[PDB]
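Student: Mind having a look at this structure? Questions to follow.
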Protein chains: 2
Amino acid sequence: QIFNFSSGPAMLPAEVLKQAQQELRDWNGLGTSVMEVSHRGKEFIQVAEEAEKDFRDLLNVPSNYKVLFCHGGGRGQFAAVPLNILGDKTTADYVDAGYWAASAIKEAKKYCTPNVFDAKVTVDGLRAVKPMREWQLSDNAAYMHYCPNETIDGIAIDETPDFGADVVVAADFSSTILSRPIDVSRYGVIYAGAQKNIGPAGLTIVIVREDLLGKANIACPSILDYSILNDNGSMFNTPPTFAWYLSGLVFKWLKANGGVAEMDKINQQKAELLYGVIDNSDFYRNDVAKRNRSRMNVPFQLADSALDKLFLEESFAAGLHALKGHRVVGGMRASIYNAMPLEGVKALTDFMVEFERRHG
Amino acid sequence: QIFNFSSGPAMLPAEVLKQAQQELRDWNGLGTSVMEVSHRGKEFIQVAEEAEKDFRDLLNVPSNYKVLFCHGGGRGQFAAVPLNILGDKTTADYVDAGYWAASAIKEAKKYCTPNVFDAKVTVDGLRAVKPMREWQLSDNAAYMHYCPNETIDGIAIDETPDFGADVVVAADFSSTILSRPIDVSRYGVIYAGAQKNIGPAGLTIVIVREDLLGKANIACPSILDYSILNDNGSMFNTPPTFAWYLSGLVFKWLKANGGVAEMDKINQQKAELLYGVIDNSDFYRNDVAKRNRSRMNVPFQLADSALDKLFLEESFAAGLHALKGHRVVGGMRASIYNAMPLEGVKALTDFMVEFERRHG
Ligand SMILES: Cc1ncc(COP(=O)(O)O)c(CN[C@@](C)(CCC(=O)O)C(=O)O)c1O
């Protein structure tokens, strides 16, 4: 078997893919593909609603939150948030503690003067993040934005926000959503591209608190306008029908396997197994504090970088794909999302030990 | 067999879909799906480049035009064009002659004060469009916008633009591109959502003349910024990888079948067959002038609208799906894109005659 450690687009559940394949040309006895069906037809509309319903059950999303499905991916959202919830304030709080947290800030500059807070710190030579109670927010700010899971850095902030009514929290859960249960009520906006932990590329999920709607800037393209999307049930224009369909299958696969509570347990074992191998070895090394170690994305450097190529050739031949670290960082990176079975994180750890043994 | 006359998402070539199905879980002997592979990997990048190359060969797109692949669909473009090529001007020419031509104007209002030209005219009781030589353009206008093929109205403007080298033409080819050969050099911008005549929903193709780049409004979200997309090879952020892949298969299917010249030849005999049945019958009727009849979308009303329901039940049982007209116009509508074979069109005309001979 092959185990894909790509970070996005990512590996999808084998069952989900085995089904999509089978009914690719004859979905629902219709004799056509879901891709060929009109988005307005009752057949698809049922898929779309069921999709949202399952999603709400999974995260316990309360009635006062709208769940939208749009184009653009995560970066489209770096623009959408400012365009939608900035209202008429001229600033917003942005917490930088990683590559993605920073990218969001760069886009935000187009629409306002963002107050940046550098939450990055180094403790015991290990990369960590300042606790929320130490974050500097401003008074005038329309909202505060931050990223709970840096895909490149392997940094995670699991702390639950506790700023109080006055503050609106916007977060980028692209690479962590559905990995652990979260209290949605603490947030104002939660967005996430599907290509990492949900489904395929092309679709993006957004969770907005209803009272935040109706403030959109006139300049906001209608396809990004939260109010427009909500009023049309995420069907203002033709949506990524196939992507929405697969997401639906994934959501079902999740409920079928115990929901996010069970996923959280499994994700915990997978992370511990891997991080256990890295810490106990001299050959491999991760430089992130225990308190901030992501369970989704795990970057690691080799003691001898001259072996990087050989590690990649041998890991690939062993059926372990996409282990190369991000471009701007080098090293290695194993992304172990919900779809990645513990059995797979084991195959990787088995290989890593065997490599260290005969090359280390 | 089943013949899907949906107007978007539309029917895809049977070969293209068979293939996509076969290698759904093991694409390129990789043992993974194209959906699970990263867009930064060499495997996909080769698909993406090959995709663009085939597309350029098909339409003979000269070196001074960039070909972009983005999110948002056609309605994302109603915003993108104004945001990108409006430059430092405050007004643009917009030619209304249909639902889509009008929708574009509606979005444009967000970014400027558009000069609208009503090209709609009724000749002999038949709906027609004023010839381009009679179109009123303004002096200060940053560009002129129009839609050569109204999907809902069944109106088509095949006339080749010939205004001043000073005039910049932007067009919405969503439902007609690749149906007949066109002289790209006449246009400044050509955009089109893939769900109609190319591939699946989620992807959008744009053809921009290079000298038009670098004018983008600061407010334009980066994912829509033509310059940003060009600089990153349409890979600024994760793109709709599966959609891009299918489009590639379609482009190959086209070259394999004779290119746009052969398609034009077949599309002509599909249109003539159908319009021949409608004109020669008293039961069915299309009210569009021969000079403006779309060969892609063919709307038709029944003489007795009380039979609409029965026409739909019987046509569906006969394996002819999605024949219902649009909500706004009512009636019926057969969309016969490139993927729709002549055998499929004949099957429809055979049915229409039979139905008449039994209820008319
Ligand atoms: C000619 C044309 N331009 C733009 C669009 C909008 O496409 P997206 O919704 O942004 O992908 C379309 C769409 N035509 C549809 C599919 C509209 C259906 C609907 O009610 O939304 C059609 O069936 O005509 C164009 O045709």
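Ordered as shown in the structure tokens, chains take letters A, B, and onward, while each chain numbers its residues from 1 and ligands are numbered from 1 in the order shown.
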Which residues are near ligand 1 - at most 8 Å, using only C-alpha atoms and all ligand atoms? Format: as a PDB file with C-alpha atoms, in the first residue's frame.

Tutor:
```pdb
ATOM      1  CA  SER A  38     -27.261  20.948 -12.552  1.00  0.00           C
ATOM      2  CA  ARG A  40     -30.203  23.742  -9.019  1.00  0.00           C
ATOM      3  CA  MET A 235     -25.548  28.932  -4.467  1.00  0.00           C
ATOM      4  CA  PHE A 236     -25.261  32.507  -5.725  1.00  0.00           C
ATOM      5  CA  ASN A 237     -23.379  31.110  -8.754  1.00  0.00           C
ATOM      6  CA  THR A 238     -22.378  27.594  -9.897  1.00  0.00           C
ATOM      7  CA  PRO A 239     -20.394  26.113  -6.991  1.00  0.00           C
TER       8      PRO A 239
ATOM      9  CA  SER B   6     -28.200  20.290 -18.817  1.00  0.00           C
ATOM     10  CA  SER B   7     -26.826  23.766 -19.398  1.00  0.00           C
ATOM     11  CA  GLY B   8     -24.185  23.894 -16.678  1.00  0.00           C
ATOM     12  CA  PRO B   9     -22.778  21.806 -15.077  1.00  0.00           C
ATOM     13  CA  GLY B  72     -14.770  31.953  -8.831  1.00  0.00           C
ATOM     14  CA  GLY B  73     -16.527  30.965 -12.040  1.00  0.00           C
ATOM     15  CA  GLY B  74     -17.916  33.457 -14.538  1.00  0.00           C
ATOM     16  CA  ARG B  75     -19.485  35.713 -11.865  1.00  0.00           C
ATOM     17  CA  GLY B  76     -16.144  36.051 -10.154  1.00  0.00           C
ATOM     18  CA  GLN B  77     -15.039  37.555 -13.436  1.00  0.00           C
ATOM     19  CA  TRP B 100     -25.637  37.466 -18.625  1.00  0.00           C
ATOM     20  CA  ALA B 101     -24.662  40.668 -20.391  1.00  0.00           C
ATOM     21  CA  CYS B 147     -21.367  38.445 -23.975  1.00  0.00           C
ATOM     22  CA  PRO B 148     -21.196  36.618 -27.359  1.00  0.00           C
ATOM     23  CA  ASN B 149     -23.484  33.849 -26.109  1.00  0.00           C
ATOM     24  CA  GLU B 150     -26.499  34.252 -23.816  1.00  0.00           C
ATOM     25  CA  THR B 151     -27.110  30.816 -22.295  1.00  0.00           C
ATOM     26  CA  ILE B 152     -30.645  31.490 -21.070  1.00  0.00           C
ATOM     27  CA  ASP B 172     -17.915  36.380 -21.655  1.00  0.00           C
ATOM     28  CA  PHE B 173     -17.440  33.183 -23.672  1.00  0.00           C
ATOM     29  CA  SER B 174     -18.575  30.878 -20.855  1.00  0.00           C
ATOM     30  CA  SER B 175     -21.123  28.967 -22.953  1.00  0.00           C
ATOM     31  CA  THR B 176     -19.594  29.122 -26.413  1.00  0.00           C
ATOM     32  CA  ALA B 192     -15.175  31.521 -19.474  1.00  0.00           C
ATOM     33  CA  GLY B 193     -16.326  29.191 -16.717  1.00  0.00           C
ATOM     34  CA  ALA B 194     -15.452  25.563 -17.502  1.00  0.00           C
ATOM     35  CA  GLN B 195     -18.749  23.918 -16.499  1.00  0.00           C
ATOM     36  CA  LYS B 196     -20.447  24.656 -19.850  1.00  0.00           C
ATOM     37  CA  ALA B 201     -17.365  23.400 -12.306  1.00  0.00           C
ATOM     38  CA  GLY B 202     -14.864  25.169 -10.065  1.00  0.00           C
ATOM     39  CA  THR B 204     -12.421  29.359 -14.871  1.00  0.00           C
ATOM     40  CA  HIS B 326     -34.752  28.483 -17.262  1.00  0.00           C
TER      41      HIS B 326
END
```

Student: Mind checking DSSP for range 203-335 of chain A and telling me the strand (DSSP E or B) residues as an MDAnalysis selection string?

Tutor: chainID A and resid 204:209 284:285 288 293 297:302 320:321 324 332:335

Student: Include N, CA and C atoms and write out the residues we just selected as a PDB file, in the first residue's frame.

Tutor:
```
ATOM      1  N   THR A 204     -14.174  25.830  -0.206  1.00  0.00           N
ATOM      2  CA  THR A 204     -13.747  26.463   1.031  1.00  0.00           C
ATOM      3  C   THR A 204     -14.963  26.583   1.940  1.00  0.00           C
ATOM      4  N   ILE A 205     -14.791  26.222   3.203  1.00  0.00           N
ATOM      5  CA  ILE A 205     -15.873  26.303   4.169  1.00  0.00           C
ATOM      6  C   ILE A 205     -15.670  27.466   5.140  1.00  0.00           C
ATOM      7  N   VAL A 206     -16.737  28.218   5.381  1.00  0.00           N
ATOM      8  CA  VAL A 206     -16.682  29.359   6.275  1.00  0.00           C
ATOM      9  C   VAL A 206     -17.810  29.271   7.283  1.00  0.00           C
ATOM     10  N   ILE A 207     -17.531  29.625   8.525  1.00  0.00           N
ATOM     11  CA  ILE A 207     -18.530  29.604   9.585  1.00  0.00           C
ATOM     12  C   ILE A 207     -18.582  31.029  10.111  1.00  0.00           C
ATOM     13  N   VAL A 208     -19.703  31.700   9.871  1.00  0.00           N
ATOM     14  CA  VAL A 208     -19.870  33.083  10.298  1.00  0.00           C
ATOM     15  C   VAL A 208     -20.957  33.233  11.352  1.00  0.00           C
ATOM     16  N   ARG A 209     -20.747  34.145  12.302  1.00  0.00           N
ATOM     17  CA  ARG A 209     -21.749  34.405  13.324  1.00  0.00           C
ATOM     18  C   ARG A 209     -22.704  35.377  12.636  1.00  0.00           C
ATOM     19  N   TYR A 284      16.854  12.214  13.860  1.00  0.00           N
ATOM     20  CA  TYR A 284      15.777  13.109  13.485  1.00  0.00           C
ATOM     21  C   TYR A 284      15.575  14.140  14.568  1.00  0.00           C
ATOM     22  N   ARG A 285      15.042  15.294  14.176  1.00  0.00           N
ATOM     23  CA  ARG A 285      14.816  16.376  15.118  1.00  0.00           C
ATOM     24  C   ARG A 285      13.754  17.388  14.692  1.00  0.00           C
ATOM     25  N   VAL A 288      10.110  22.215  17.946  1.00  0.00           N
ATOM     26  CA  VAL A 288       8.917  22.927  18.388  1.00  0.00           C
ATOM     27  C   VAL A 288       8.549  22.471  19.788  1.00  0.00           C
ATOM     28  N   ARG A 293       3.151  21.834  19.548  1.00  0.00           N
ATOM     29  CA  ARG A 293       3.353  20.883  18.460  1.00  0.00           C
ATOM     30  C   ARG A 293       2.082  20.486  17.743  1.00  0.00           C
ATOM     31  N   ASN A 297       0.499  18.537  11.057  1.00  0.00           N
ATOM     32  CA  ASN A 297       1.709  18.733  10.274  1.00  0.00           C
ATOM     33  C   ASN A 297       2.909  18.610  11.178  1.00  0.00           C
ATOM     34  N   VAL A 298       3.788  17.678  10.829  1.00  0.00           N
ATOM     35  CA  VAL A 298       4.973  17.408  11.623  1.00  0.00           C
ATOM     36  C   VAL A 298       6.255  17.527  10.802  1.00  0.00           C
ATOM     37  N   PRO A 299       6.937  18.676  10.906  1.00  0.00           N
ATOM     38  CA  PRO A 299       8.182  18.905  10.176  1.00  0.00           C
ATOM     39  C   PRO A 299       9.370  18.383  10.972  1.00  0.00           C
ATOM     40  N   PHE A 300      10.363  17.842  10.278  1.00  0.00           N
ATOM     41  CA  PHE A 300      11.559  17.342  10.946  1.00  0.00           C
ATOM     42  C   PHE A 300      12.778  17.404  10.036  1.00  0.00           C
ATOM     43  N   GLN A 301      13.905  17.790  10.623  1.00  0.00           N
ATOM     44  CA  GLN A 301      15.167  17.897   9.908  1.00  0.00           C
ATOM     45  C   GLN A 301      15.988  16.640  10.206  1.00  0.00           C
ATOM     46  N   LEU A 302      16.868  16.267   9.282  1.00  0.00           N
ATOM     47  CA  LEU A 302      17.743  15.124   9.507  1.00  0.00           C
ATOM     48  C   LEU A 302      18.995  15.716  10.152  1.00  0.00           C
ATOM     49  N   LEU A 320       5.970   5.637   0.588  1.00  0.00           N
ATOM     50  CA  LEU A 320       5.686   6.780   1.456  1.00  0.00           C
ATOM     51  C   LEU A 320       5.966   8.041   0.633  1.00  0.00           C
ATOM     52  N   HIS A 321       4.901   8.631   0.098  1.00  0.00           N
ATOM     53  CA  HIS A 321       5.010   9.806  -0.765  1.00  0.00           C
ATOM     54  C   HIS A 321       4.915  11.163  -0.099  1.00  0.00           C
ATOM     55  N   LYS A 324       8.770  15.477   1.474  1.00  0.00           N
ATOM     56  CA  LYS A 324       9.625  16.649   1.401  1.00  0.00           C
ATOM     57  C   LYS A 324       9.055  17.838   2.152  1.00  0.00           C
ATOM     58  N   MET A 332      12.127  17.902   6.097  1.00  0.00           N
ATOM     59  CA  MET A 332      11.058  16.966   5.799  1.00  0.00           C
ATOM     60  C   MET A 332       9.775  17.421   6.484  1.00  0.00           C
ATOM     61  N   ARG A 333       8.652  16.828   6.083  1.00  0.00           N
ATOM     62  CA  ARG A 333       7.361  17.146   6.677  1.00  0.00           C
ATOM     63  C   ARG A 333       6.334  16.062   6.397  1.00  0.00           C
ATOM     64  N   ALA A 334       5.847  15.447   7.464  1.00  0.00           N
ATOM     65  CA  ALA A 334       4.837  14.422   7.343  1.00  0.00           C
ATOM     66  C   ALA A 334       3.542  15.058   7.786  1.00  0.00           C
ATOM     67  N   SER A 335       2.569  15.060   6.886  1.00  0.00           N
ATOM     68  CA  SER A 335       1.258  15.600   7.182  1.00  0.00           C
ATOM     69  C   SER A 335       0.392  14.370   7.425  1.00  0.00           C
TER      70      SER A 335
END
```

Student: Which of range 201-340 of chain B counts as helix (DSSP H, G or I) under DSSP, as a PyMOL selection string please?

Tutor: chain B and resi 210-212+222-224+226-231+241-256+259-280+290-292+305-317

Student: Which polymer residues have any atom within 8 Å of an atom of range 343-360 of chain B, counting only C-alpha atoms, with same-chain residues fewer than 2 positions away left out, as number ranges by chain?

Tutor: B: 3, 270, 273-274, 277, 283, 311, 315, 318, 320, 336, 340-341

Student: Considering only C-alpha atoms, state which residue in the set A:30, A:224, A:95, A:243 is at the smallest distance from residue 138 in chain A.

Tutor: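 Among A:30, A:224, A:95, A:243, it is A:95 that comes nearest to residue 138 in chain A.
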
Student: Hey, what's within 8 Å of residue 93 in chain A if we count only C-alpha atoms and toss same-chain stuff fewer than 4 positions away? As a count of residues only, please?

Tutor: 11

Student: Identify, on the basis of only C-alpha atoms, every residue whose closest approach to range 34-36 of chain B does not exceed 10 Å; exclude the query and any residue fewer than 6 positions from it along the same chain; express the result as a PyMOL selection string.

Tutor: (chain A and resi 4-12+17+195-196+199-201) or (chain B and resi 20+23-28+43-44+47+240-243+245)
